[PDB]
Structures are given as C-alpha cells and as structure tokens.
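Residue numbers (our numbering), protein chains in the order written: chain U, 1 to 346; chain D, 347 to 511; chain Z, 512 to 760; chain G, 761 to 1128. Beta carbons are placed, not taken as given, at the ideal position from N, Cα and C, and that holds for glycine. The structure under discussion appears below in the form of structure tokens.
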Amino acid sequence: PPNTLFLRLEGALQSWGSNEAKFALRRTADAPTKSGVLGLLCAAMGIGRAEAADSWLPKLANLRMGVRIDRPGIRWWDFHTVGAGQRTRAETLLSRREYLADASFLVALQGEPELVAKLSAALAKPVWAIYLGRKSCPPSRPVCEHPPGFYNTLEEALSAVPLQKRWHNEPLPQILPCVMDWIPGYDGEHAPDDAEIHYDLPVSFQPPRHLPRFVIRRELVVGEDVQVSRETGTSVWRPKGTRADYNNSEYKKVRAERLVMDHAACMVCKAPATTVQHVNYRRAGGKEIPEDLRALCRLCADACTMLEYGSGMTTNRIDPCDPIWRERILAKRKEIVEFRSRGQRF
Amino acid sequence: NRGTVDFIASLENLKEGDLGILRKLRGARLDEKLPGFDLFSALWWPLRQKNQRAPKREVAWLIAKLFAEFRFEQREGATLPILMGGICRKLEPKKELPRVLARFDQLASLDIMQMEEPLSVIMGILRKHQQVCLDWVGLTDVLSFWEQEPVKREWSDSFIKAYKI
Amino acid sequence: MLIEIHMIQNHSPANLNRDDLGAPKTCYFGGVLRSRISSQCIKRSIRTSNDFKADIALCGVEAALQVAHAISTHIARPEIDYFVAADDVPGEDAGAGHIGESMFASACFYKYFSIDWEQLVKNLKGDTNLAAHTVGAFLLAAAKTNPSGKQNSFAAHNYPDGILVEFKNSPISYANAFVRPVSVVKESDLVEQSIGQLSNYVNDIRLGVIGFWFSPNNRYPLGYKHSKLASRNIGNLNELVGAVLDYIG
Amino acid sequence: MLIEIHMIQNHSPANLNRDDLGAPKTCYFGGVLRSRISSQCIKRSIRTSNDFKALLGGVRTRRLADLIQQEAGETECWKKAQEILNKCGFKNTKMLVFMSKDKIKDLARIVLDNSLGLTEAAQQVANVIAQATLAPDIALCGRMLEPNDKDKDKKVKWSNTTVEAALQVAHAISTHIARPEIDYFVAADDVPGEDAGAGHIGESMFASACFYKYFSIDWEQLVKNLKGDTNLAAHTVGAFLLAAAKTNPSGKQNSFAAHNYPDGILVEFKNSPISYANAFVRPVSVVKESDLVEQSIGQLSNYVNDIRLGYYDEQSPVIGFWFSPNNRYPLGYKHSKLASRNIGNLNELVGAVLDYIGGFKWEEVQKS
DNA sequence: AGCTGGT
RNA sequence: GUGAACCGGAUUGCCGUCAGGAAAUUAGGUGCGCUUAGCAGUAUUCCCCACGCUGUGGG
DNA sequence: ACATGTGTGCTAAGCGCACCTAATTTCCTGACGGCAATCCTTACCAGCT
Ligand SMILES: [Mg+2]
C-alpha cells in the first residue's frame, strides 16, 4: 500500500545538470532532474555503467513523479582548472562549474508499492557511494527520511510530509514550488500552454542519449496539508556546568564525612573545623564523591575564596595539598586576621 | 530581568566610604584588598537566594568599580550607543568624529576584563558632555551576554540608528 | 560498511585556493558566506607527492573517493594585503615594484570521505588485505600534507586537531552541525567550540555503529560527560591505523 | 632535508609594518584579531642585515642601464643599452629584474660596449640575465622573469627562468588579541607665529605584541638551486640564523627603536614541518604570576607535548633546541622534558644545526 | 623520409 | 556508479621616508555612637579497663 | 558562593544630607613606484631523424 518514498536531497552543495552544457561552462537546473535522482537510484542498487539502460530506466520510465522545493538554494560558480598534461604539455585547460548551494528537495515516486518496497531497503543500507548527483557533493541529511505511505494524488503525497526547520528564528518559504510530470487524463490530451520541456529522460546511459519530457509547474502554500516540524536538537554547546547547590538532600550528610574523617580539624593550619571546600570542579555537586571535598576551617576557606574570586573563576580549583598555593593562602589569611570586620558581616 | 535590578538598586544604596574603597581598586582584582572582597561579597551573595537569575561575577565587579568611579543614576532608555552617537552628531565629521568613533569601536572587540579602561575613556567623554543618566541594568544585561555577536550587532545598529537621527 | 573521515582542520592565516581574481574560494551554507577550498585541490594534494605514496586504484572502474568541499565551521573572513617590491638601486625617487594587492583567509574546515565495501574490495589492486592497507594509510594520510598554495610567502602547514572516523554505512555528511556558523565565547577555543558543535550533533541523529575518535593526548573530548558520545576517546598515530586494519580485516 | 626555525618575540610599542592607510597588519586567526608582520618585510630586513654583507649578492632593479652607465668612465652607452634592454623583452624604465650584482656589472659591461650587433646583443644580454643564478639570496627568496611578447623581436628567445624559493617565512602572528593603539603626534613649527600651533597634525598607529615568528629552510632546495656545492649553503644557513636572531624589520625604528631580541628558538629536524599557531588558537591571557612570554612559552610547550606524543614522529625524533640564556626561560616547567639540547647561546646552535647538516664547523665555513 | 616544434 | 567521471590559478615582492599635544586651575564649607551587666559553681562529670566497694592506666 | 561544627550562657531599638560646577583658537603632507604569460593556428617548413 505505501506507493511513494520521499527522497531527501540536502547538502552543502548539489547539482543536477541542465542541457546547456557541452563545453567548459557546465550548468545545472533548479530542480533535481529525472536522471538526477535515477542516477542516485542506480548507485543505491550498487550497479552502473551500461546495466542501468536495460530493465532499470524502463523499469520506472512508465511512472510519474513530483518534486518539492523546501528552500531555493542560490547558484554558485566554482573555478576549476584542469591541468591536462600536468599534475600533453603544461597547457592548463580551463572550466567553470555551476553549484546549487544550501537547497533542500523532496522527490516523489508514485504508482505501486512493490517497487517502492524494494526501494525502501535501498537508500540507507545498499550503497555505491551515493551523493547529491555530483560526485563531490555530499548528502548532509539521511536520505531514507520521510517514511512511505499511501497518498493517492501527487499533491497529497507531496504535501502530506512534515517540513523541517533548522533553528527557531529561521525564515521559511511560505510558497513551496512543485515540479510535476504530465498526467494523460484522457487519450489525446494536449499539454497546457505553460508546460516547459525538460530533456531529462535517458533511454541509454553511457554515452548519454536522451529523450525530452513535459513538466508542469504547480504551487503549494503551507498550512492546508504541509506544516512545520519539531526542531529541538540544540545547536548551541556552551560547555555545561552546574552551580549554587546549598542542599537538596546530600550536602548535609556529605559535609560530615570529611569533617570527622580528618578528626574535626583543619588541614593547612590545623584547628577546629567548621565547613567544607570543593576541589576539582568537574561537577559543582549535586552528587559528590567523598574523595574530592576538603573539610577546612573558616579563615583559610575565606582565603580560598580570596584566591578563587580574584583572577579566573574557571573549573580548576585550589587543592591546598600540593605546596605551590601556600604562600598566597597564608598571606591572605594574615590580612583576613588583620582586616576582618565581624560587625560588618562575614 | 528581575535580578539585576536589585543589584543596581543595592549599588545605589552604597555610601561614600564603600565606593571610595571601590574607587581605589581600579584595575585591581578583588583579592589583594580584604575590604573590597568583603564589600563585593555583601553586595553579591544575597541576590542569588532571592531571585533565580543573577549577572556574571566579573561583570558585577567591573560594573561596581565603574559605578563607584563615575556615579551616574539609573534611567531606562539611556544605554551606551544612544548617548554615544548623540554626542557624535555634535562633532566635526572631518577630524574629531573618526577619533571619538574609533574610541567607541574599540569596545566591540574586547573581553569583559580588559574593557575597564576603554569603558573608562568612553564614560570620561560622557562625563565631559555632562551625562547624568545611564541605564545600568541595560548595560549590565547586554554586558553579561557580550560574547554573543547578535547583541553586539544590535548595540552597533542602535549606534547607527541614533546617529542617523 | 563505509569509512567517513570527518575531519576538522584549523589554518593559520594563508590563502590556499585561488579563483580567477585571486580571492579565497567561498561557499554558501546556513544562510552565510563561508570560506572554501575546492575538492579537486585537496584531492590532487592527496596525490602528486611521495609521502602519501608510501595508490592508483583510489584516485584514477573510475576512482574510489568522495571528497567534499571544505565547508568552514564559521563565516568567511577574507582579508587583503599590500606589497611593495623595492628598487634596491638608488634612483631619483623611491619605490619600484608592482605595488599590487594580495588576499588571504584563516578558516577552520570540515570534510567527509566515503570508501564502501566493494568500492575498496573491487579496488583490489593485487591483494585482498590491500583493501585494509590502503585505507589504513588513508585515515592519517588525509591529514598528512596541507595542499599547496602561496606557502613560500604565507607559510601555513598547521596539522589538524580533531579527527573522526566512522564505520556507519549510510552516507551522511555532518555539515548540518554547521548550519549555524560557530561563534566564539571567551572560555573555549574556536576549534573547541566547533568540536562541541560536532559533539552536539553526534548526540542527535542516533535517536532517528560506533564512534572511532581521534584526539592527540585526548585534549578534546567528544562530550564533557562520562557517557561519552564516541566511547573511543583515544588515539596515537598508527594505533588507529591498526585498529581500523583489524576492524576491516 | 629541511630545517624549521621558530621564534617567540615580544616587542616594544612599535610599527614595523603598515598597509596603505598606515595601520599595523592584522589577521583573523582563530576567530580573533591577531597582529601580523608581513613575511616579505622580514625577508627584506634579513636580506639587508649587517651580517649578510658577505653574501648579499642579488639586485632587484629596473635601472639596469644606469648600472651599466655607472661603470664606464668615458664610454657613454645608455641609449644603446636602453634600446638593447627594450628589445630584450622589457617594455618602456622597465619592470623589476632579479640577478646577481657583480656578475651583471662586469660581464654585461663587456658584452654591451662592443659594436658587434644590436639584435644578438640583446639576446646575449637576456641570456646573461637568465643564467644569473650564482647568488644564494636569489636561491632563498626565488625569482621568475616574464618579458613582454609585444615589444620584442621574433628572433629573441628566453631560457627557462625557473628558480624555486628555498625559504618559507611565515607572517608573525600575535600570541593574543591584537590591541591596535592609536598614536597622536604633532609637528612643531620651529619658527614662532601668531597661531602657536603645529606644522602637521598626523596619524600613526602602533602595536605592542608578542609575535610568533616562523621561518623554514628547504636545505635540499637550497642546494638544488645553489649547484653542487654545500659550503655556500652552510654559510647562508649560518648567516640567516645570525641575521634573524640579530636584526629587526626596518619599519618606524627611528620613531620606535624596538630592537628587542627573540626570547625563544625552536629548531626541529624532520621531513614534515609544523607551525605552532595552534599552540595559541586559545588567546594567551596573562595571569598575576609570570609574564606574557612565559605563558606563551607554556602554551607552546603544551602543544609541543601533545604533538610529540599525540602526533609523535619517533621515526624522526625532534632535535628541539632553545636559546635559553643560562636557563632564564625553561620550557618544561611542569612536564615537557623533551628539549634534548637546551643551550644558552646562538653560535652553538648555529654550529649544531650545521653539524647535523653535515661535517662542517662555524669558523671554517665563514669564508665563502 | 617524415616529423615535429616553431613561425 | 554519471550533462556526470578525472580535475592547482601557479610562482616575484620593505609602505618607506618627517613629526613634543602645549599653554590655566583651593577637592569647598556641617556634624557625640550610646543607654545594661559576679568568669562562678560541692551534693551525677561524658567515658573505658578498674578497687573490701574511693586509690589506681588514660580518651 | 551566612545558615548546620551549641560547646553552662552570646541583647538591641532608634537613627544614613541637601547644591553651584565643566572653557576653547588653530594647527592636519606633499611624490614616486602599480607585472609581465597563459591557457586554438593567416600552418606549413626545414633541421634532421
Ligand atoms: Mg585552615
């Protein structure tokens, strides 16, 4: 019953060639051509060369299809200098290539579910290094997206698939152009006088011989059948770190462990202890292991806050065990003793 | 935000001796003098347990030092790139306008800690032009997120918008 | 089975790929202009020198490679130069040269590679373990010699920092990680922010294989959690080469 | 075999290089602004250095006919020389031409003055220009020559002018955020007047930065373009080492006498060069302890650690050097004890690198 | 005797 | 594998060369921290071995 | 990054400032230098293989 798979063409660069390229100006078209997705199809089966001409192009040449523009990518031109007889003589051959940049597409393939069922297990697992119609243009999205289903008409299938969104505040095309083939509703029907001819229909493959086809423009506004999709997936890293946990339930109980592990005493300037300091801020602590804290008296923990609050805040901590952060701690404690105003709090 | 407003209002409560010792700590971190750290702790600790959103610590320390040095008053709608730019229209475009303009653009490519002296010269020419109001809350929450380029470009476009009018 | 060498590569300021008028080449992605080197340039740079030749079945049955255009993780920043060639013989005035202008760009790049099962076995050359030997050469030969360019005046041969190798068979470039160009926040590096963006994309898509990860002396972890998003946070020269060798066979 | 020479130089407030508008050169490395010194300025200052004078043997002139006319007491050949040059391929007084100085002087003088021809005279002058490769400054910096195809003769040819550069000087990248500073100067009018003002109020921009300077020698290229000899090659390598450690770019040094010396040398012998630009992708922000030089050296040594273990090349180890004068600035302050031959001199490292080059000594080679 | 690099 | 393959825009470069930001400045005047206090005390001193049950080894 | 280690036993209330104030003149650079090629032919002809 699922008669259609929605091919997902999306990458940094892509190009399906137009007809106006025999010489060094090689161009593309503003739609994935029929033999610009059938080449992907033939690569996805793992064959190529002259095998596609028989039983692979006519195996679906009787089958209509439609394409959708998620966003119209702009046309980019890349300089390309073929070296000819250089890595004949050093005469450098010249060229220019056309690239469609940042364009997403959605092709339909409708009519029957046996070939679509064979084709559904052809996009993800079977490969012959599939790309976006150009050999050096990678598909940036899983092509096997948009799972198949029954939607009887071309517009229903082409509009009954959710439309993605990359970031939240992103402009979205409210009109989605649709490229559709010609439907012979009755025998002897003549094409409407707006249907341009596209020459994307191979009858052989190597060397390329071609047939033309009729292409009908069509339109799709968002809202009636197509709609935006859930985005999620935060593209903002900003390295994580918790902070400011007085007590959930596991600070009351975990302060005492190093309080009386060190026998109710300080560690640097040994004396009756009050509080606990934290070293190795890998996690600021909702769940704290008992080999990282440091039960330590009031004045030298105030000196620890001296040294931490000044200069960098960071995630590296003091660790008053290795004697390189010693003179500063004692000096700060000395000015704490000399200059603390208890009546002015803290 | 409902957290930075309390910080600015508590800063406006500070008496002469406290902001004097804050004035003496220009360009100096909050460690080499005990009373400066004590004042900063008193100003900075109690606003985290009452409201869930607080500014960054370095932004708070720098803003406290600059506030003590300059002593403006808090008024909505008086951010830096409006008064800046308003004073740039009162200039000769030939020579002095590029001078003051480059002095302003120096801020857009600096990290939070090193902006004490460029903000000092910007607020010095603001004081020379007799500016009393400065949106300390607005400056603080555009400075605590100064590392994202949208707010920097919005601040610059605010300067452009105030300059063309 | 398919080999995806997702590779990051920072670059010290130097122009590498030049268009007609001499600018660094550019691409369009994510609604911004980003710097670009052409896939032909880096692919020829993988050839044409003997250090990699230590391979004609792989860049010629045609050839066996999918090399992508080097998409910058951030926006393009083309700069310009101004050179004066001196006269060095005392004339009536000073200055003699072309007094032209050059132009350069510093960027952090990304690329994606593809070597399939039969695309490496039918490559063959003469062995069946060659389908592991040549790949094992490749996984660090792709990060062996920066191309070429104006190196005699802009010397830049910065080795890459963070290298991915995946054995996922579905060919998908992770360029959608760089849909938003990478901004810089003071506490992390540009390469570290780009690698965090790549990690953040890695934790996605698996919802709907492994992660073989390279970090030299593991300075760059793929995720700041014990639940590592690659689970193979190791790497030292040919250790990864041999591990891919006995991953394939 | 190729040699890497790395420096980390902190400089006084100075303007060693400017663009057309007069600003110090800047590059966007790692997403932030880094102060830049152009490679060509360093190459020129090392060319004109006071120790290269025994080896300075290249001339880049368009006034070749003036050079011919200077060494002729009474035989005025300056229009004949000009037309010989004008049909050589240069079309005007010409474009810039690179050659050896004394060779072109004497033998272009003898090949120009004789009244034996005008067409073959230009052809042999062009051949003398093209064969002028006996100079190691041309061998280091490199030279091509392209004459016009319009203002020439169909009977005049040009040989292959292929000379490869045996030196890749990198641009000196600052180890931190560039802080470009604006200098305001006036010009005093010496005589007084009514106005009591300046003769010229002007603009100058200066930048104080710790520059990561980076050079590289292709010694194999240095001898494949300097013919079969190695004595001149070793002398040039020693001369560059002395010059680079001893001379500074001749920018606004009369106004900013920043003649400070490189506080770091890293010479490592391998067949795959590396710049430590990625050692400072993270900008170096100083702390209260230590200084900018030490923090930069610390980040550099961290990078040397994970490219000597993570990117280890133990097939060809590092022969990493220093110029730590009596160990004032050590590299391995925490872990990196891989500096195999940390010394505190300059002639010692010169002699050492020419020793791993081959069987040479510092004093014997210094005669070519 | 033809061929190929130059005009 | 496909209007698609396989594919460098390459080499040569000092922006240099002249520059006081100088002339002038009271930081000004007003102010109480202050009302109240034994560092003493036998009738269980928290203990553990430990005495004819208060001497005896210490936490 | 106040709380939590009380240990015979650790108070506390009233009180916290107003206003005049910020100036100008003029001064601001001339010249010299700016790349050539090579990315389809009036195609046969003679140096010589
Ligand atoms: Mg203590």
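With a cutoff of 7 Å, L330 of chain U does not count as near ligand 1, since its C-beta is closer than that to no heavy atom of the ligand. Residue pairing by DSSP puts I797 of chain G in a beta bridge opposite G:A932. The beta carbon of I942 of chain G sits closer than 8 Å to some beta carbon of chain D. Between the region 87 to 95 of chain U and the region 14 to 21 of chain U there are fewer than three inter-stretch CB-CB distances shorter than 8 Å, so the stretches are not counted as touching. Counting only unbroken stretches of 3 or more residues, the beta strand (DSSP E) elements lying wholly within the region 567 to 636 of chain Z are 589 to 591, 614 to 616 and 620 to 622, in sequence order. Residue-level contact check: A653 of chain Z does not touch chain G, since none of the beta carbons of chain G fall below 8 Å from its beta carbon.
For the pair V916 of chain G and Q883 of chain G, the CB atoms are nearer than the 8 Å cut-off.
Interface criterion met: the Cβ of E493 of chain D is under 8 Å from a Cβ in chain Z.
Comparing alpha carbon positions, the residue from U:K165, U:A195 and U:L201 closest to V215 of chain U is U:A195.
Here the C-alpha atom of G373 of chain D lies approximately 55 Å from the C-alpha atom of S625 of chain Z. DSSP, reduced to helix, strand and coil, places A271 of chain U outside both helices and strands of the structure shown, so it counts as coil. Closer than 9 Å at the C-beta level to chain D, one finds these residues of the region 777 to 802 of chain G: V792 and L793.
Assigned with DSSP and collapsed to three states, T537 of chain Z falls in strand.
Annotated three-state conformation of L675 of chain Z is strand, per DSSP. Rounded to the nearest angstrom, the Cβ distance from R743 of chain Z to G722 of chain Z is 6 Å, consistent with a contact under 8 Å.
If you ignore the 5 residues before and after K436 of chain D, its C-beta comes within less than 7 Å of no other C-beta in its own chain. Nearest neighbour of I329 of chain U by Cα position, chosen from U:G285, U:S35 and U:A301, turns out to be U:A301.
Selection around ligand 1 by beta-carbon proximity, strictly under 6 Å to any non-hydrogen atom, yields U:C266, U:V268, U:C269, U:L296, U:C297 and U:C300 in chain order. Residue contact with chain Z for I933 of chain G: present (Cβ-Cβ distance below 8 Å to some residue of chain Z).
Residues are counted here when their Cβ sits less than 7 Å from a Cβ of chain U; for the region 370 to 395 of chain D these are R375, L376, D377, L380, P381, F383, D384, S387, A388 and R394, given in chain order. Relative to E98 of chain U, the option among U:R26, U:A264 and U:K135 whose CA is nearest is U:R26. Taking the Cβ atoms as the reference, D530 of chain Z lies roughly 5 Å from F79 of chain U, within the contact range of under 8 Å. Under the Cβ criterion of 8 Å, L330 of chain U is not counted among the residues facing chain D. Interface criterion not met: the Cβ of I289 of chain U is under 8 Å from no Cβ in chain Z.
Straight-line measurement puts the Cα of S466 of chain D at about 56 Å from the Cα of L106 of chain U.
In the three-state DSSP reduction, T305 of chain U falls in the helix class (H, G or I). Within the region 601 to 618 of chain Z, contact with chain G at the beta-carbon level (separation under 7 Å) is assigned to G602, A607, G608 and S617. For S694 of chain Z, the residues of chain D that pass the 7 Å Cβ criterion are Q494 and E495, in the order they occur in the chain. Non-local C-beta neighbours of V254 of chain U in its own chain, meaning closer than 6 Å and more than five positions away in sequence, comprise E288, ordered along the chain. Contact between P290 of chain U and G149 of chain U fails: their C-beta atoms lie close to 56 Å from each other, not under 8 Å. Rounded to whole angstroms, the separation of the alpha carbons of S684 of chain Z and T242 of chain U is 33 Å. When CB distances to chain Z are screened at a threshold of 7 Å, the residues of the region 440 to 458 of chain D falling below it are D457, in chain order.
The shortest CA-to-CA distance from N1020 of chain G to any of G:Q1055, G:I768, G:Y944 and G:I828 is the one to G:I768. Look at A994 of chain G here: in three-state DSSP terms it is helix. Fully contained in the region 366 to 408 of chain D are the following alpha helix (DSSP H) runs of length 4 or more, in chain order: 380 to 390.
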